[PDB]
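Here are the chains, one letter per residue:
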Amino acid sequence: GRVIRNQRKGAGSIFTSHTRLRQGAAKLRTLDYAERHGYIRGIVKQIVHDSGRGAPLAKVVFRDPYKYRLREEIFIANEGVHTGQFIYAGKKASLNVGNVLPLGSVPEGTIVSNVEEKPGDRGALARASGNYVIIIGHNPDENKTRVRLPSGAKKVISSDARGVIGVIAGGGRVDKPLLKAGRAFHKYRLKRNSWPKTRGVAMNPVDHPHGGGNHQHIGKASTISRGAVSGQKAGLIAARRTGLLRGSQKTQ
Amino acid sequence: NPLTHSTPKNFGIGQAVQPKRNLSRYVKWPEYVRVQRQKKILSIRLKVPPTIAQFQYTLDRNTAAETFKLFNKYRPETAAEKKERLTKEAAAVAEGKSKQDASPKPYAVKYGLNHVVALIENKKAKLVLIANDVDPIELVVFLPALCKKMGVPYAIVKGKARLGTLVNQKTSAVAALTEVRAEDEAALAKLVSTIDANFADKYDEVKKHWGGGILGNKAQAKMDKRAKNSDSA
Amino acid sequence: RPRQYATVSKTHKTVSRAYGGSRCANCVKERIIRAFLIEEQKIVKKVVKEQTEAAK
Amino acid sequence: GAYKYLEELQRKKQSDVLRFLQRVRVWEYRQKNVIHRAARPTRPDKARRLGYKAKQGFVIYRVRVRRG
Amino acid sequence: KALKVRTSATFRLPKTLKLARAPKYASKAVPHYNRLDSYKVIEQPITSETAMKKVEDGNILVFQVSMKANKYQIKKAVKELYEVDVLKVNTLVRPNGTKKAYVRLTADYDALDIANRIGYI
RNA sequence: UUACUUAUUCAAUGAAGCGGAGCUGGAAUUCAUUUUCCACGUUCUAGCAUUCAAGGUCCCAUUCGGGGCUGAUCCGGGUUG
RNA sequence: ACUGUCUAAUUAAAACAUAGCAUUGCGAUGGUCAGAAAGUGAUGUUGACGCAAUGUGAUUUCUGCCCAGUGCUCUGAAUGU
Ligand SMILES: [Mg+2]
Ligand SMILES: [Mg+2]
Ligand SMILES: [Mg+2]
Ligand SMILES: [Mg+2]
Ligand SMILES: [Mg+2]
Ligand SMILES: [Mg+2]
Ligand SMILES: [Mg+2]
Ligand SMILES: [Mg+2]
Ligand SMILES: [Mg+2]
Ligand SMILES: [Mg+2]
Ligand SMILES: [Mg+2]
Ligand SMILES: [Mg+2]
Ligand SMILES: [Mg+2]
Ligand SMILES: [Mg+2]
Ligand SMILES: [Mg+2]
Ligand SMILES: [Mg+2]
Ligand SMILES: [Mg+2]
Ligand SMILES: [Mg+2]
Ligand SMILES: [Mg+2]
Ligand SMILES: [Mg+2]
Ligand SMILES: [Mg+2]
Ligand SMILES: [Mg+2]
Ligand SMILES: [Mg+2]
Ligand SMILES: [Mg+2]
Ligand SMILES: [Mg+2]
């Protein structure tokens, strides 16, 4: 039979990201002298819409400490930051929405976005519109910090790892119904070519494990093992449970 | 003073672009540099076996300079001095009928690796000099043990190239003396004594000691001050 | 159009005030007042913490 | 001559002195290019008996190849 | 003493001495003679009726000219071979794969005269 | 089982301020004197910050120009994790 | 449900898609996928209001009982293989 749809995506032909209009990668400043000893000041020169993104970017310019020139950065904008505002980044820096501080330097309950996984990676976690992470504790010996990510997971990372105070802007985007095919259409038009989706059960056997039969139906359990091999994994992969989730979610 | 003014500058993080400083410690070197340095380090970090590392114990600059002083009187013929000697004994021998000697028995430092080895084997060497560099180290490493067994006093000396200059080669792995003019015999015995004292006597004990296992200083001070506080509070 | 600016005389490309062909007057007005007052308060900032060090 | 000594020493690979040498050298090589010119043989006795000579026109190259 | 002082973190390829070539033997052993001369630039007159008209009414000489030659090479060669001042030279490629030069002379010279001096009519 | 870092692995940077010590402060209470631990140029403002830095000092034989040191503390060349 | 889509050249449909609804995997030393291999590649100019994988099919209403079997899954067991 045929190579199924989820196998063809990895070869990246018609499936690569539609990148032309994007403002450029959002990152924190490089972690340098200023940021790990002192603080350094910047101005948000603009806050701007990035294509295929939920949340606005903020263009933030700084002075180059080692050379006379301006150096401009692209930040994900936290809700409430504004044009003309001064941004402070460094180990010793006041605790205010929009500033970037090492996770060690903020008290528990602090709310931060675009937080680094390792120190220096210029931010990894909690970048999507509406999201943040909460600092749930410190271990000053071995200087770690325990945080809770948007997924509900709780991870422990270096207290040197930087984050930015506040939550990411443009929240509530997903509360509004798309209402029609076209709105979805233009949505994925600026992301990648994932839409619309043919059901495997509407296909012929060559095309898909679910394909075929004189009635539409899966024909065997749609829960597939991790051990499964490419061309086998479609449906519910490695599911530990299945069915309507009753009762409260929200991990203890 | 008069129209002149005292400005000065605040280099303090967030003002006044940094001055040009010396970044030499930070420059990004070419790989060939990066390696010959890291190779030097890796050799120190590793525990190094006593059959190597019996090198690195190298003749002091004083005893050595006295040794070069003596050896330099014994240099091999220069190109000119042989051409010169030939014409002397090309004429005098072939005509004046001295049998292959219009020339005196030469006295010179002996060299080349295979040459010197067989000299040590044959117990003809009074003194053997061994270089400390010699990158395919195997060419050399068996020599102290060979010398020690043959009762031939030896010294490990810095300057594979400095051994070279005294023989008129770019470099030489070894340099040895066998013959000596009776005038120099006593200076030699004196050198042989100091040398034997620093090498051939210490051989057995050196043979028991591994080298290396040495930390860099960022790692040093970390454990110098960690074992400092932990035990004594 | 951009390359025609090379075919014209300099008076068409400027106005006589500082930051002439660049910034918008009222904007220059602001960076004057701002510069001045900040350079002033910068004196006010030093002598106050000059006393703070001396009385504390 | 020295070459005979090199020959015998090289037959003790697991001897402490060669284990050291093997370890330092293998790191250096792996740092250089997969094919790189060698200044001189690092086994002068081995090269020798394979037909090497110290005259101009003889050349040594060092090279890496993947195993398995 | 102490080390060099470099104020920059980048190491660059040392600027080293480039020697000019000093051959031990000559390149080609004889230099090629001029590959396009005035005799090879302008090939024949073009005597077609509509061309002869440009000569009478236009003060213009029409030549079949080397495909390898430009307006400079054409102007100069007409100048040297015919002892004439050239106003301007227009060219085009005929569709048999040959090049045609429309050569207008200056008001001092009469193309018609110069045309039956070279001997065609 | 848990420590080490040089093999191997990962990230960063036009390999820029690492590690160790010293200056001055000061919380700190002295059980002889310091036993230590923090620090040790930037936060009302949508300005300005570049010519090896002005200053100070020593030179060239006083030219116009130009150099050294200090300003900017020492030490180890492990680019930082 | 709607607008929309397909069997160029016998089927335009009740088939496919769609919004909505639900389930599944994954915190990057990762999930899904590519490649003979690799200091290789898609998602990714990305980070759970995300990417990837299935099902049902607008709204309203409602989605009962069964985990023995086949799957999938597990901070479980242990003296059988
Ligand atoms: Mg792309
Ligand atoms: Mg599509
Ligand atoms: Mg679907
Ligand atoms: Mg569908
Ligand atoms: Mg079908
Ligand atoms: Mg199948
Ligand atoms: Mg199946
Ligand atoms: Mg089926
Ligand atoms: Mg069905
Ligand atoms: Mg004007
Ligand atoms: Mg002016
Ligand atoms: Mg050579
Ligand atoms: Mg034309
Ligand atoms: Mg760096
Ligand atoms: Mg219709
Ligand atoms: Mg049809
Ligand atoms: Mg129809
Ligand atoms: Mg039809
Ligand atoms: Mg419904
Ligand atoms: Mg590889
Ligand atoms: Mg349908
Ligand atoms: Mg759907
Ligand atoms: Mg009921
Ligand atoms: Mg019942
Ligand atoms: Mg069941």
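These remarks concern the structure in this document. Throughout, a per-chain count from 1 in the order the sequence is written supplies the residue numbers; the entry may number residues differently, and those without coordinates are omitted. Chains and ligands are labelled sequentially in the order written, the chains with letters from A and the ligands with numbers from 1. Any value mentioned applies to the visible chains, which represent part of a larger assembly rather than the whole. Side-chain numbers here rest on the full set of heavy atoms in the structure, without hydrogens or water. Residues with missing side-chain atoms are left out of burial classes, side-chain pairs and their counts.

With that settled, consider the overall build of chain D. Scanning chain D for helices and strands turns up 3 helices and 2 strands. Seen in sequence order, chain D has helices and strands lined up from the N terminus as α-α-β-α-β. C-alpha atoms of chain D, sized along the principal axes, occupy 35 × 30 × 20 Å. Relative accessibility decides the category of a residue: with a 1.4 Å probe and only protein chains considered, values under 20% of the type maximum give buried, values over 50% give exposed, and everything between is partly exposed. Burial status across chain D gives 26% buried among its 68 residues. Working rule for contacts: check all heavy atoms of both residues, and any pair within 4.5 Å makes them a contact. Restricting to contacts in chain D with at least 6 residues of sequence separation, those with at least 24 account for 56%. Here, Shrake-Rupley sampling with a 1.4 Å probe gives the accessible areas, and only protein chains in the shown set may cover a residue. When the accessible area of chain D is evaluated, it comes to approximately 5,500 Å², of which 48% is carbon and sulfur surface. Separation of charge centres in chain D, based on 21 positive and 5 negative side chains, amounts to 8 Å. Only DSSP runs of H or I covering at least 4 residues are called helices, and only runs of E covering at least 2 are called strands; the numbering of each starts at the N terminus. Under the counting rule used here, the positive set is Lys and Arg, the negative set is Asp and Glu, and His together with the chain ends is not counted. Each charge is placed at NZ for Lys, CZ for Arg, CG for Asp and CD for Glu.

The next thing to look at is the protein's contact with RNA strand F. Neighbouring residues are identified by heavy atoms, a residue being near a molecule or strand if any of them is within 4 Å of it. Every one of the 71 residues lining RNA strand F counts as a neighbour, but A:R36, B:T4, B:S24, B:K218 and E:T10 are closest to it. For RNA strand F, the backbone portion of the atoms within 4 Å of the protein, that is sugar and phosphate, comes to 46%. Counted as a polar contact is a pair of N or O atoms within 3.5 Å, where, for protein atoms, one must be capable of donating a hydrogen and the other of accepting one, and residues adjacent in sequence contribute only when both atoms are in side chains. B:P19 is positioned such that a nitrogen or oxygen atom in its backbone is 3.0 Å from a base nitrogen of RNA strand F. One nitrogen or oxygen atom from the side chain of D:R30 is found 2.8 Å from a phosphate oxygen belonging to RNA strand F. Listed by contribution, the elements that provide at least two residues to the surface near RNA strand F are α2 (33–37) and β4 (86–89) of chain A, α1 (31–45) and α9 (217–231) of chain B, α1 (26–54) of chain C together with α2 (16–31) of chain D. With 9 residues, the single largest contributor to the surface near RNA strand F is α1(C). Its residues placed into classes, the surface near RNA strand F shows 25 nonpolar, 23 polar and 23 charged. For this classification, the nonpolar set comprises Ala, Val, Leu, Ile, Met, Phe, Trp, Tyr, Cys and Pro, the charged set comprises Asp, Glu, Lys and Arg, and every other residue, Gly included, is treated as polar.

In this assembly, 20 residues from chain D lie in contact with 24 residues from chain B. Summed over both sides, the interface of chain D with chain B buries roughly 2,000 Å², with 76% coming from carbon and sulfur. One side-chain nitrogen of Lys or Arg within 4 Å of one carboxyl oxygen of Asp or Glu is enough to make a salt bridge. Here chain D is connected to chain B by 2 salt bridges. Here D:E28 and B:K39 are joined by a salt bridge, their closest N and O atoms 3.1 Å apart. Remark: the boundary between chain D and chain B carries 4 residue pairs in polar contact. Looking at the side of chain D that touches chain B, the elements that each hand over two or more residues are α1 (3–9) and α2 of chain D. It is α2(D) that contributes the most residues to the side of chain D that touches chain B, 10 residues altogether. Class assignment for the residues of the side of chain D that touches chain B results in 12 nonpolar, 3 polar and 5 charged. Buried area adds together the accessible area that both of two parts lose upon being put together, with accessible area traced by a 1.4 Å probe.

Moving on, we come to helix α5 (residues 138–150) of chain B. All names here are of chain B. A helix is expected to span 1.5 Å multiplied by its residue count minus one. End to end, α5 covers 19 Å across 13 residues, agreeing with the expected 18 Å (1.5 Å per residue, within 8%). At every residue, the bend is computed as the angle between two fitted axes, covering the seven residues ending there and the seven beginning there respectively. Roughly 25 degrees is the biggest bend found in α5, and it falls at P144. Regarding α5, the residues found buried are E138, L139, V140, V141, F142, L143, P144, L146 and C147. Just downstream of α5, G151 is the residue with a positive phi angle, here 65 degrees.

Turning next to the pairing of strand β2 (residues 57–63) of chain A. Residue and element names in this part refer to chain A. The element β2 is largely enclosed, with a buried count of 6 among its 7 residues. Any two strands are treated as partners once DSSP identifies two or more bridges connecting them. Relative to β2, strand β1 (residues 40–48) is paired through 5 bridges, and the arrangement is antiparallel. What sits directly across from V44, in β2, is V60. Here β2 runs beside strand β3 (residues 70–76); their pairing, made up of 7 bridges, is antiparallel. Counted as the bridge partner of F62 is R71 from β3. Taken together, β2 and the strand that follows it, β3, pair antiparallel across an intervening segment of 6 residues.

Here we come to the sheet that holds strand β2 (residues 110–111) of chain B. Residue and element names in this part refer to chain B. If you walk across this open sheet you meet the 4 strands as β2-β5-β3-β4, and the pairing is mixed. If you trace the sheet from one side to the other, it starts and ends with β2 and β4 (154–157), each paired once. As defined by bridge partners, strand β3 (residues 127–131) adjoins strand β5 (residues 174–177) across 4 bridges and the pair is classed as antiparallel. The partner of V128 across the bridge, within β5, is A176. Lines are fitted to the C-alpha atoms to define the axes, a helix being fitted only along its stretch in contact, and any angle between axes, read from their N-to-C directions, falls within 0 to 180 degrees. Each of β3, β4 and β5 touches helix α2 (residues 61–71); the most contacted strand, β3, lies at about 120 degrees to it. Sheet strands in contact with α5 are β3, β4 and β5, and its direction is about 155 degrees off that of β3.

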